[PDB]
């Protein structure tokens, strides 16, 4: 069982789930994607506790269970501080491993740019260093989609009508091809997608759905800066990932000594499509850089 709490972190009460390992050997901190989802769809990473790796889960500002701060704080810069303040308020000065998924990845990268001296290693899963690139690549994916669902996305999408069934059917298809390649989606994932649809962070910082990043981060891009990350980096990405492995290449290209693993037959949520494979990779990487 994990130790849950609702303590104050950098101003607003933030929820976090710390799952300690019987024989802890390294503490890994996680950053869920979104922006505006939750730690829920990352719970599968708990398996690493049986490898001497304590995993700290938490809902970023305005997400899941945590309270929503002032809209002026709906930025990655704020997210970083929140991440830092949480790492110290819990572990103090101890060096830990940072991981992020999608937005959590881009976020994680930003954190590394200013707080890499507080991390033993960095893990980026289906993350990004440039939202624009992610958009250019995501548009290519939609075009490759079968004309049917493709036309729907562009038609109703431009008419600002994401409530239409034809549009949703396409959104569902796309998701079932680049978000999670399985039917019978795990609850944890559906729980996260529900949290982002109830809160506000997703509507402001991101936008409507996945392939529609028209929020307040659509122009974010720290590519010409991530090159400053020196700590060991494990960059993962699915073969059919909504955040194409090409984007993962841009991040890999800068960070020297960084690894780049492309999970075949997997999409964006590889931690669920290959729970054992994903958990093993991160556990190995971490343990090899204690």
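Numbering follows the first chain given and starts at 1.
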query	finding
103-111 set against 177-185, stretch whose average Cα temperature factor tops the other in the entry	177-185
Between 158-166 and 122-130 (mean CA B-factor, as deposited), the higher	158-166
Residue of maximum C-alpha B factor among 145, 85, 201, 98, per deposited coordinates	145
Options 252, 32, 261, 225 - largest CA temperature factor per the record	225
Ranked against its chain, the third holding the CA B-factor of residue 209	highest
Third assignment of residue 140 from its chain's C-alpha B-factors	middle
Chain-relative CA temperature factor third for residue 80	lowest
Third of the chain, ranked by Cα B-factor, where residue 220 sits	lowest
Residue 196 by Cα B-factor - lowest, middle or highest third of the modelled chain	middle
